[PDB]
file protein-v7.pdb (PDB, C-alpha atoms)
MODEL        1
ATOM      1  CA  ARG J   3     -10.346   2.574  -8.175  1.00  0.00           C
ATOM      2  CA  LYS J   4     -12.817   0.135  -7.866  1.00  0.00           C
ATOM      3  CA  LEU J   5     -14.079  -2.273 -10.678  1.00  0.00           C
ATOM      4  CA  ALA J   6     -16.810  -4.714 -11.222  1.00  0.00           C
ATOM      5  CA  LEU J   7     -17.169  -8.189 -11.949  1.00  0.00           C
ATOM      6  CA  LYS J   8     -17.801 -11.542 -13.844  1.00  0.00           C
ATOM      7  CA  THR J   9     -17.060 -15.037 -12.864  1.00  0.00           C
ATOM      8  CA  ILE J  10     -15.312 -17.821 -14.740  1.00  0.00           C
ATOM      9  CA  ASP J  11     -17.224 -19.546 -17.571  1.00  0.00           C
ATOM     10  CA  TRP J  12     -15.269 -22.379 -19.191  1.00  0.00           C
ATOM     11  CA  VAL J  13     -17.958 -23.202 -21.659  1.00  0.00           C
ATOM     12  CA  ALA J  14     -17.270 -19.686 -23.104  1.00  0.00           C
ATOM     13  CA  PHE J  15     -13.673 -20.088 -23.546  1.00  0.00           C
ATOM     14  CA  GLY J  16     -13.617 -22.913 -26.058  1.00  0.00           C
ATOM     15  CA  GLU J  17     -16.091 -21.746 -28.402  1.00  0.00           C
ATOM     16  CA  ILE J  18     -14.905 -18.434 -29.819  1.00  0.00           C
ATOM     17  CA  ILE J  19     -16.117 -18.680 -33.470  1.00  0.00           C
ATOM     18  CA  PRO J  20     -14.103 -15.614 -34.027  1.00  0.00           C
ATOM     19  CA  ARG J  21     -11.176 -17.995 -34.674  1.00  0.00           C
ATOM     20  CA  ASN J  22      -8.483 -15.305 -34.329  1.00  0.00           C
ATOM     21  CA  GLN J  23      -8.963 -15.265 -30.517  1.00  0.00           C
ATOM     22  CA  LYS J  24      -9.473 -18.970 -29.746  1.00  0.00           C
ATOM     23  CA  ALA J  25      -6.164 -19.389 -27.922  1.00  0.00           C
ATOM     24  CA  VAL J  26      -6.295 -15.875 -26.426  1.00  0.00           C
ATOM     25  CA  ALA J  27      -9.271 -16.477 -24.103  1.00  0.00           C
ATOM     26  CA  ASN J  28      -7.577 -19.398 -22.298  1.00  0.00           C
ATOM     27  CA  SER J  29      -4.437 -17.266 -21.772  1.00  0.00           C
ATOM     28  CA  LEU J  30      -6.476 -14.083 -21.177  1.00  0.00           C
ATOM     29  CA  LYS J  31      -8.487 -15.516 -18.305  1.00  0.00           C
ATOM     30  CA  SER J  32      -5.113 -16.472 -16.681  1.00  0.00           C
ATOM     31  CA  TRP J  33      -3.914 -12.926 -17.073  1.00  0.00           C
ATOM     32  CA  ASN J  34      -7.097 -12.040 -15.385  1.00  0.00           C
ATOM     33  CA  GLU J  35      -6.353 -14.297 -12.421  1.00  0.00           C
ATOM     34  CA  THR J  36      -3.100 -12.315 -11.975  1.00  0.00           C
ATOM     35  CA  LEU J  37      -5.186  -9.151 -11.433  1.00  0.00           C
ATOM     36  CA  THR J  38      -7.818 -11.107  -9.430  1.00  0.00           C
ATOM     37  CA  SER J  39      -5.363 -12.240  -6.818  1.00  0.00           C
ATOM     38  CA  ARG J  40      -3.444  -9.035  -6.845  1.00  0.00           C
ATOM     39  CA  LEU J  41      -6.528  -6.945  -6.100  1.00  0.00           C
ATOM     40  CA  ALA J  42      -7.827  -9.307  -3.452  1.00  0.00           C
ATOM     41  CA  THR J  43      -4.419  -8.888  -1.770  1.00  0.00           C
ATOM     42  CA  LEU J  44      -4.023  -5.200  -1.216  1.00  0.00           C
ATOM     43  CA  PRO J  45      -6.148  -2.672   0.608  1.00  0.00           C
ATOM     44  CA  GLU J  46      -7.172   0.671  -0.851  1.00  0.00           C
ATOM     45  CA  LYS J  47      -5.764   2.873   1.736  1.00  0.00           C
ATOM     46  CA  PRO J  48      -2.742   3.862   3.841  1.00  0.00           C
ATOM     47  CA  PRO J  49      -3.389   5.982   6.808  1.00  0.00           C
ATOM     48  CA  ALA J  50      -2.726   9.720   6.906  1.00  0.00           C
ATOM     49  CA  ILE J  51      -0.575  12.098   8.985  1.00  0.00           C
ATOM     50  CA  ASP J  52      -1.307  14.136  12.080  1.00  0.00           C
ATOM     51  CA  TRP J  53       0.889  17.049  10.916  1.00  0.00           C
ATOM     52  CA  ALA J  54       0.253  19.108  14.087  1.00  0.00           C
ATOM     53  CA  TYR J  55       1.950  16.540  16.338  1.00  0.00           C
ATOM     54  CA  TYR J  56       4.677  15.768  13.766  1.00  0.00           C
ATOM     55  CA  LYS J  57       5.387  19.526  13.571  1.00  0.00           C
ATOM     56  CA  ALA J  58       5.827  19.362  17.380  1.00  0.00           C
ATOM     57  CA  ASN J  59       8.546  16.694  16.848  1.00  0.00           C
ATOM     58  CA  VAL J  60      10.094  18.230  13.680  1.00  0.00           C
ATOM     59  CA  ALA J  61      11.959  21.413  14.556  1.00  0.00           C
ATOM     60  CA  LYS J  62      11.982  22.337  10.809  1.00  0.00           C
ATOM     61  CA  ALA J  63       8.216  22.183  11.122  1.00  0.00           C
ATOM     62  CA  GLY J  64       7.543  24.261   7.974  1.00  0.00           C
ATOM     63  CA  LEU J  65       8.276  21.143   5.860  1.00  0.00           C
ATOM     64  CA  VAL J  66       5.506  19.034   7.446  1.00  0.00           C
ATOM     65  CA  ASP J  67       3.063  21.809   6.596  1.00  0.00           C
ATOM     66  CA  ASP J  68       4.290  22.370   2.975  1.00  0.00           C
ATOM     67  CA  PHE J  69       4.212  18.739   1.944  1.00  0.00           C
ATOM     68  CA  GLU J  70       1.024  18.436   3.894  1.00  0.00           C
ATOM     69  CA  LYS J  71      -0.890  20.893   1.850  1.00  0.00           C
ATOM     70  CA  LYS J  72       0.388  19.664  -1.520  1.00  0.00           C
ATOM     71  CA  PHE J  73      -0.199  16.019  -0.688  1.00  0.00           C
ATOM     72  CA  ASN J  74      -3.539  16.286   1.087  1.00  0.00           C
ATOM     73  CA  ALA J  75      -4.947  18.658  -1.551  1.00  0.00           C
ATOM     74  CA  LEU J  76      -3.568  16.440  -4.364  1.00  0.00           C
ATOM     75  CA  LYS J  77      -5.458  13.574  -5.959  1.00  0.00           C
ATOM     76  CA  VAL J  78      -3.814  11.548  -8.603  1.00  0.00           C
ATOM     77  CA  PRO J  79      -6.214  10.158 -11.548  1.00  0.00           C
ATOM     78  CA  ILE J  80      -7.368   6.515 -11.629  1.00  0.00           C
ATOM     79  CA  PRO J  81      -5.311   4.540 -14.217  1.00  0.00           C
ATOM     80  CA  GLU J  82      -7.426   5.438 -17.151  1.00  0.00           C
ATOM     81  CA  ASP J  83      -9.641   3.321 -19.443  1.00  0.00           C
ATOM     82  CA  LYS J  84      -8.319   2.855 -22.960  1.00  0.00           C
ATOM     83  CA  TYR J  85     -10.519  -0.056 -24.069  1.00  0.00           C
ATOM     84  CA  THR J  86     -14.234  -0.556 -23.713  1.00  0.00           C
ATOM     85  CA  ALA J  87     -14.944  -2.341 -27.019  1.00  0.00           C
ATOM     86  CA  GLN J  88     -14.738  -5.650 -25.189  1.00  0.00           C
ATOM     87  CA  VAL J  89     -18.394  -5.536 -24.214  1.00  0.00           C
ATOM     88  CA  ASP J  90     -19.180  -4.392 -27.613  1.00  0.00           C
ATOM     89  CA  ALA J  91     -16.960  -6.367 -30.050  1.00  0.00           C
ATOM     90  CA  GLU J  92     -18.482  -9.072 -28.126  1.00  0.00           C
ATOM     91  CA  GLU J  93     -22.132  -8.366 -27.712  1.00  0.00           C
ATOM     92  CA  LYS J  94     -22.076  -7.775 -31.479  1.00  0.00           C
ATOM     93  CA  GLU J  95     -20.135 -11.017 -32.060  1.00  0.00           C
ATOM     94  CA  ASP J  96     -22.831 -12.467 -29.653  1.00  0.00           C
ATOM     95  CA  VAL J  97     -25.422 -11.457 -32.127  1.00  0.00           C
ATOM     96  CA  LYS J  98     -22.859 -13.036 -34.500  1.00  0.00           C
ATOM     97  CA  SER J  99     -23.389 -16.069 -32.646  1.00  0.00           C
ATOM     98  CA  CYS J 100     -27.162 -15.711 -32.209  1.00  0.00           C
ATOM     99  CA  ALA J 101     -28.968 -14.492 -35.381  1.00  0.00           C
ATOM    100  CA  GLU J 102     -26.201 -15.731 -37.755  1.00  0.00           C
ATOM    101  CA  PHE J 103     -25.821 -19.146 -36.007  1.00  0.00           C
ATOM    102  CA  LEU J 104     -29.027 -19.311 -33.957  1.00  0.00           C
ATOM    103  CA  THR J 105     -31.094 -19.133 -37.299  1.00  0.00           C
ATOM    104  CA  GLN J 106     -29.233 -21.437 -39.519  1.00  0.00           C
ATOM    105  CA  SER J 107     -28.838 -23.870 -36.576  1.00  0.00           C
ATOM    106  CA  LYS J 108     -32.542 -23.796 -35.523  1.00  0.00           C
ATOM    107  CA  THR J 109     -33.756 -24.147 -39.115  1.00  0.00           C
ATOM    108  CA  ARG J 110     -31.592 -27.239 -39.622  1.00  0.00           C
ATOM    109  CA  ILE J 111     -32.843 -28.763 -36.378  1.00  0.00           C
ATOM    110  CA  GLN J 112     -36.459 -28.601 -37.486  1.00  0.00           C
ATOM    111  CA  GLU J 113     -35.865 -30.759 -40.545  1.00  0.00           C
ATOM    112  CA  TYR J 114     -34.137 -33.448 -38.528  1.00  0.00           C
ATOM    113  CA  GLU J 115     -37.037 -33.748 -35.882  1.00  0.00           C
ATOM    114  CA  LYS J 116     -39.618 -33.540 -38.746  1.00  0.00           C
ATOM    115  CA  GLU J 117     -38.408 -36.716 -40.462  1.00  0.00           C
ATOM    116  CA  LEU J 118     -38.122 -38.631 -37.071  1.00  0.00           C
ATOM    117  CA  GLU J 119     -41.605 -38.125 -36.160  1.00  0.00           C
ATOM    118  CA  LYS J 120     -42.678 -40.036 -39.265  1.00  0.00           C
ATOM    119  CA  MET J 121     -39.832 -42.390 -38.645  1.00  0.00           C
ATOM    120  CA  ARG J 122     -41.377 -43.120 -35.233  1.00  0.00           C
ATOM    121  CA  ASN J 123     -44.678 -43.627 -37.162  1.00  0.00           C
TER     122      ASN J 123
ATOM    123  CA  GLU W 117       7.767   7.557   0.287  1.00  0.00           C
ATOM    124  CA  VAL W 118       6.772  10.931   2.031  1.00  0.00           C
ATOM    125  CA  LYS W 119       7.646  10.015   5.565  1.00  0.00           C
ATOM    126  CA  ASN W 120      11.181   8.871   5.662  1.00  0.00           C
ATOM    127  CA  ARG W 121      12.859  12.459   4.821  1.00  0.00           C
ATOM    128  CA  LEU W 122      10.765  14.144   7.449  1.00  0.00           C
ATOM    129  CA  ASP W 123      11.846  11.471   9.894  1.00  0.00           C
ATOM    130  CA  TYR W 124      15.406  11.807   8.619  1.00  0.00           C
ATOM    131  CA  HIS W 125      15.564  15.511   9.427  1.00  0.00           C
ATOM    132  CA  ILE W 126      14.305  14.873  12.978  1.00  0.00           C
ATOM    133  CA  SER W 127      16.506  11.788  13.398  1.00  0.00           C
ATOM    134  CA  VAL W 128      19.605  13.697  12.310  1.00  0.00           C
ATOM    135  CA  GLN W 129      18.872  16.602  14.644  1.00  0.00           C
ATOM    136  CA  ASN W 130      18.395  13.999  17.409  1.00  0.00           C
ATOM    137  CA  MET W 131      21.672  12.230  16.540  1.00  0.00           C
ATOM    138  CA  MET W 132      23.257  15.693  16.210  1.00  0.00           C
ATOM    139  CA  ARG W 133      22.189  16.629  19.723  1.00  0.00           C
ATOM    140  CA  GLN W 134      23.747  13.510  21.362  1.00  0.00           C
ATOM    141  CA  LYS W 135      27.094  13.655  19.807  1.00  0.00           C
ATOM    142  CA  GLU W 136      26.941  17.666  20.914  1.00  0.00           C
ATOM    143  CA  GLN W 137      25.826  16.314  24.223  1.00  0.00           C
ATOM    144  CA  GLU W 138      28.911  14.059  24.624  1.00  0.00           C
ATOM    145  CA  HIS W 139      31.288  16.706  23.142  1.00  0.00           C
ATOM    146  CA  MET W 140      29.757  19.579  25.063  1.00  0.00           C
ATOM    147  CA  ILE W 141      29.806  17.390  28.090  1.00  0.00           C
ATOM    148  CA  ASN W 142      33.378  16.368  27.519  1.00  0.00           C
ATOM    149  CA  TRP W 143      34.629  19.971  27.427  1.00  0.00           C
ATOM    150  CA  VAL W 144      32.481  21.132  30.335  1.00  0.00           C
ATOM    151  CA  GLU W 145      33.402  18.052  32.389  1.00  0.00           C
ATOM    152  CA  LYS W 146      37.079  17.983  31.268  1.00  0.00           C
ATOM    153  CA  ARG W 147      37.340  21.665  32.201  1.00  0.00           C
ATOM    154  CA  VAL W 148      35.324  21.525  35.438  1.00  0.00           C
ATOM    155  CA  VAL W 149      36.243  18.312  36.722  1.00  0.00           C
ATOM    156  CA  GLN W 150      39.476  19.990  37.827  1.00  0.00           C
ATOM    157  CA  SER W 151      38.256  23.016  39.759  1.00  0.00           C
ATOM    158  CA  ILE W 152      35.889  21.292  42.243  1.00  0.00           C
ATOM    159  CA  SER W 153      38.705  19.852  44.303  1.00  0.00           C
ATOM    160  CA  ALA W 154      39.256  22.990  46.424  1.00  0.00           C
ATOM    161  CA  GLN W 155      36.112  22.040  48.374  1.00  0.00           C
ATOM    162  CA  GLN W 156      37.541  20.357  51.322  1.00  0.00           C
ATOM    163  CA  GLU W 157      34.034  20.411  52.530  1.00  0.00           C
ATOM    164  CA  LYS W 158      32.802  17.535  50.307  1.00  0.00           C
ATOM    165  CA  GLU W 159      35.002  15.354  52.120  1.00  0.00           C
ATOM    166  CA  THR W 160      32.701  17.627  54.851  1.00  0.00           C
ATOM    167  CA  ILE W 161      29.961  16.104  53.536  1.00  0.00           C
ATOM    168  CA  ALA W 162      31.788  12.655  53.464  1.00  0.00           C
ATOM    169  CA  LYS W 163      32.403  12.282  57.345  1.00  0.00           C
ATOM    170  CA  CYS W 164      28.953  14.243  57.802  1.00  0.00           C
ATOM    171  CA  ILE W 165      27.082  11.635  55.739  1.00  0.00           C
ATOM    172  CA  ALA W 166      29.709   9.088  56.867  1.00  0.00           C
ATOM    173  CA  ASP W 167      28.493   9.802  60.438  1.00  0.00           C
ATOM    174  CA  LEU W 168      25.012   9.486  59.321  1.00  0.00           C
ATOM    175  CA  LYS W 169      26.248   6.055  58.242  1.00  0.00           C
ATOM    176  CA  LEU W 170      28.814   5.166  60.920  1.00  0.00           C
ATOM    177  CA  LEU W 171      26.285   6.274  63.514  1.00  0.00           C
ATOM    178  CA  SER W 172      23.176   5.994  61.287  1.00  0.00           C
ATOM    179  CA  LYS W 173      23.453   2.620  59.640  1.00  0.00           C
ATOM    180  CA  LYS W 174      23.534   0.773  62.905  1.00  0.00           C
TER     181      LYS W 174
ENDMDL
END
call {"tool": "encode", "arguments": {"input": "protein-v7.pdb", "output": "structure tokens"}}
result
Amino acid sequence: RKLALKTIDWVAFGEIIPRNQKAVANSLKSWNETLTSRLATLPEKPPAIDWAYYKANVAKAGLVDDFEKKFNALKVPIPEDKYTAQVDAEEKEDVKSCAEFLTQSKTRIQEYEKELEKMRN
Amino acid sequence: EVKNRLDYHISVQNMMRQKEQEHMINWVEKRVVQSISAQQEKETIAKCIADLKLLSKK
């Protein structure tokens, strides 16, 4: 693991015209920050083991080898995705925003500015 | 988590040698400390070296 990245956007937070999440985003960013700091903290890697020399200094040297093989050959799986609708249940609710609220909002605007012109006249 | 049990086995065998070292030693030394004493000639070597002091210091 390894995971990529989007910066704070406070404008975003407030707006969520899916009302059922309005609070959540404020809290959810702060949950994020928990991860953000936590990841920035740690490195990815320990070292490894020179089993040859440790076998020299372990008289039960079989052990070093056995655990060596199992460990070094082993790879444990990255904590696995369960959710990826985020992108989606957004970008669709972002259309929800645009088309649905874009159109209605832009069409309203036009009438306003249309009467003003003649009101400047 | 891996390392410490490996190091434990070594560390115990190390600790287990020293103790065996003192106890071994104690029997070997507590046996033969006694026998040596027949050598008059280490007091032969005391005088001898003692002359190589008494003469050879000044």
call {"tool": "residues_around", "arguments": {"input": "protein-v7.pdb", "residues": "stretch 123-135 of chain W", "least_positions_apart": "4", "cutoff": "10 Å", "atoms": "all atoms listed in the file", "output": "mmCIF file with C-alpha atoms, in the coordinates of the input"}}
result
data_model
loop_
_atom_site.group_PDB
_atom_site.id
_atom_site.type_symbol
_atom_site.label_atom_id
_atom_site.label_comp_id
_atom_site.auth_asym_id
_atom_site.auth_seq_id
_atom_site.Cartn_x
_atom_site.Cartn_y
_atom_site.Cartn_z
ATOM 1 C CA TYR J 56 4.677 15.768 13.766
ATOM 2 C CA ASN J 59 8.546 16.694 16.848
ATOM 3 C CA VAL J 60 10.094 18.230 13.680
ATOM 4 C CA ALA J 61 11.959 21.413 14.556
ATOM 5 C CA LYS J 62 11.982 22.337 10.809
ATOM 6 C CA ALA J 63 8.216 22.183 11.122
ATOM 7 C CA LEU J 65 8.276 21.143 5.860
ATOM 8 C CA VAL W 118 6.772 10.931 2.031
ATOM 9 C CA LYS W 119 7.646 10.015 5.565
ATOM 10 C CA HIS W 139 31.288 16.706 23.142
ATOM 11 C CA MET W 140 29.757 19.579 25.063
ATOM 12 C CA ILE W 141 29.806 17.390 28.090
#
call {"tool": "resolve_selection", "arguments": {"input": "protein-v7.pdb", "expression": "the ChimeraX specification (/W :<12) & /J", "output": "CSV table (one decimal) with C-alpha atoms, in the frame of the given file"}}
result
chain,number,residue,atom,x,y,z
J,48,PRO,CA,-2.7,3.9,3.8
J,49,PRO,CA,-3.4,6.0,6.8
J,50,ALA,CA,-2.7,9.7,6.9
J,51,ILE,CA,-0.6,12.1,9.0
J,52,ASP,CA,-1.3,14.1,12.1
J,53,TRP,CA,0.9,17.0,10.9
J,56,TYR,CA,4.7,15.8,13.8
J,57,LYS,CA,5.4,19.5,13.6
J,58,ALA,CA,5.8,19.4,17.4
J,59,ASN,CA,8.5,16.7,16.8
J,60,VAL,CA,10.1,18.2,13.7
J,61,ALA,CA,12.0,21.4,14.6
J,62,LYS,CA,12.0,22.3,10.8
J,63,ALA,CA,8.2,22.2,11.1
J,64,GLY,CA,7.5,24.3,8.0
J,65,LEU,CA,8.3,21.1,5.9
J,66,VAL,CA,5.5,19.0,7.4
J,67,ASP,CA,3.1,21.8,6.6
J,68,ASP,CA,4.3,22.4,3.0
J,69,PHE,CA,4.2,18.7,1.9
J,70,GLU,CA,1.0,18.4,3.9
J,72,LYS,CA,0.4,19.7,-1.5
J,73,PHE,CA,-0.2,16.0,-0.7
J,74,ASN,CA,-3.5,16.3,1.1
call {"tool": "atom_distance", "arguments": {"input": "protein-v7.pdb", "atom1": "atom CA of residue J:102", "atom2": "atom CA of residue J:86"}}
result
23.9 Å
call {"tool": "atom_distance", "arguments": {"input": "protein-v7.pdb", "atom1": "atom CA of residue J:19", "atom2": "atom CA of residue J:89"}}
result
16.2 Å
call {"tool": "atom_distance", "arguments": {"input": "protein-v7.pdb", "atom1": "atom CA of residue J:12", "atom2": "atom CA of residue J:35"}}
result
13.8 Å
call {"tool": "axis_aligned_box", "arguments": {"input": "protein-v7.pdb", "around": "stretch 100-107 of chain J", "padding_each_side": "5 Å", "output": "JSON"}}
result
{"center_x": -28.5, "center_y": -19.2, "center_z": -35.9, "size_x": 15.3, "size_y": 19.4, "size_z": 17.3}
call {"tool": "resolve_selection", "arguments": {"input": "protein-v7.pdb", "expression": "the PyMOL selection byres ((chain J and resi 14) around 12)", "output": "JSON, numbers by chain"}}
result
{"J": [9, 10, 11, 12, 13, 15, 16, 17, 18, 19, 23, 24, 27, 28, 31, 92, 96, 99]}
call {"tool": "residues_around", "arguments": {"input": "protein-v7.pdb", "residues": "residue J:5", "least_positions_apart": "3", "cutoff": "12 Å", "atoms": "only C-alpha atoms", "output": "PDB file with C-alpha atoms, in the frame of the given file"}}
result
ATOM      1  CA  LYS J   8     -17.801 -11.542 -13.844  1.00  0.00           C
ATOM      2  CA  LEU J  37      -5.186  -9.151 -11.433  1.00  0.00           C
ATOM      3  CA  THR J  38      -7.818 -11.107  -9.430  1.00  0.00           C
ATOM      4  CA  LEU J  41      -6.528  -6.945  -6.100  1.00  0.00           C
ATOM      5  CA  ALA J  42      -7.827  -9.307  -3.452  1.00  0.00           C
ATOM      6  CA  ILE J  80      -7.368   6.515 -11.629  1.00  0.00           C
ATOM      7  CA  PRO J  81      -5.311   4.540 -14.217  1.00  0.00           C
ATOM      8  CA  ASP J  83      -9.641   3.321 -19.443  1.00  0.00           C
TER       9      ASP J  83
END
call {"tool": "build_atoms", "arguments": {"input": "protein-v7.pdb", "residues": "stretch 53-68 of chain J", "atoms": "N, CA, C and O atoms", "output": "JSON list (two decimals), keeping the file's coordinate frame"}}
result
[["chain", "number", "residue", "atom", "x", "y", "z"],
["J", 53, "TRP", "N", -0.18, 16.08, 11.10],
["J", 53, "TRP", "CA", 0.89, 17.05, 10.92],
["J", 53, "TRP", "C", 1.15, 17.91, 12.13],
["J", 53, "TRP", "O", 2.29, 17.94, 12.53],
["J", 54, "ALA", "N", 0.12, 18.40, 12.82],
["J", 54, "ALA", "CA", 0.25, 19.11, 14.09],
["J", 54, "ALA", "C", 1.25, 18.46, 15.06],
["J", 54, "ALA", "O", 2.26, 19.07, 15.40],
["J", 55, "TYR", "N", 1.03, 17.21, 15.44],
["J", 55, "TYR", "CA", 1.95, 16.54, 16.34],
["J", 55, "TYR", "C", 3.31, 16.33, 15.69],
["J", 55, "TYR", "O", 4.32, 16.60, 16.31],
["J", 56, "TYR", "N", 3.38, 15.94, 14.42],
["J", 56, "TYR", "CA", 4.68, 15.77, 13.77],
["J", 56, "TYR", "C", 5.48, 17.06, 13.65],
["J", 56, "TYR", "O", 6.68, 17.10, 13.88],
["J", 57, "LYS", "N", 4.80, 18.19, 13.47],
["J", 57, "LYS", "CA", 5.39, 19.53, 13.57],
["J", 57, "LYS", "C", 5.96, 19.77, 14.96],
["J", 57, "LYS", "O", 7.07, 20.26, 15.06],
["J", 58, "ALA", "N", 5.29, 19.30, 16.02],
["J", 58, "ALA", "CA", 5.83, 19.36, 17.38],
["J", 58, "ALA", "C", 7.18, 18.65, 17.50],
["J", 58, "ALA", "O", 8.03, 19.06, 18.30],
["J", 59, "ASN", "N", 7.38, 17.57, 16.75],
["J", 59, "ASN", "CA", 8.55, 16.69, 16.85],
["J", 59, "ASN", "C", 9.51, 16.84, 15.67],
["J", 59, "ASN", "O", 10.62, 16.31, 15.75],
["J", 60, "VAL", "N", 9.20, 17.71, 14.71],
["J", 60, "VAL", "CA", 10.09, 18.23, 13.68],
["J", 60, "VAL", "C", 10.38, 19.68, 13.97],
["J", 60, "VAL", "O", 9.58, 20.54, 13.63],
["J", 61, "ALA", "N", 11.63, 20.02, 14.26],
["J", 61, "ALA", "CA", 11.96, 21.41, 14.56],
["J", 61, "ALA", "C", 11.98, 22.29, 13.29],
["J", 61, "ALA", "O", 11.87, 23.51, 13.37],
["J", 62, "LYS", "N", 12.11, 21.68, 12.12],
["J", 62, "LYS", "CA", 11.98, 22.34, 10.81],
["J", 62, "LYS", "C", 10.53, 22.31, 10.31],
["J", 62, "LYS", "O", 10.26, 21.76, 9.25],
["J", 63, "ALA", "N", 9.59, 22.67, 11.20],
["J", 63, "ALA", "CA", 8.22, 22.18, 11.12],
["J", 63, "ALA", "C", 7.47, 22.69, 9.89],
["J", 63, "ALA", "O", 6.65, 21.93, 9.38],
["J", 64, "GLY", "N", 7.99, 23.75, 9.27],
["J", 64, "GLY", "CA", 7.54, 24.26, 7.97],
["J", 64, "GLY", "C", 7.34, 23.16, 6.93],
["J", 64, "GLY", "O", 6.24, 23.01, 6.41],
["J", 65, "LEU", "N", 8.31, 22.24, 6.84],
["J", 65, "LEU", "CA", 8.28, 21.14, 5.86],
["J", 65, "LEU", "C", 6.99, 20.33, 5.93],
["J", 65, "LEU", "O", 6.31, 20.18, 4.91],
["J", 66, "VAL", "N", 6.70, 19.80, 7.12],
["J", 66, "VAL", "CA", 5.51, 19.03, 7.45],
["J", 66, "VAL", "C", 4.29, 19.72, 6.86],
["J", 66, "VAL", "O", 3.64, 19.16, 6.01],
["J", 67, "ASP", "N", 4.16, 21.02, 7.10],
["J", 67, "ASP", "CA", 3.06, 21.81, 6.60],
["J", 67, "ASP", "C", 3.09, 21.81, 5.06],
["J", 67, "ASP", "O", 2.07, 21.65, 4.41],
["J", 68, "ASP", "N", 4.19, 22.18, 4.43],
["J", 68, "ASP", "CA", 4.29, 22.37, 2.98],
["J", 68, "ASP", "C", 3.87, 21.13, 2.21],
["J", 68, "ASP", "O", 2.95, 21.15, 1.38]]
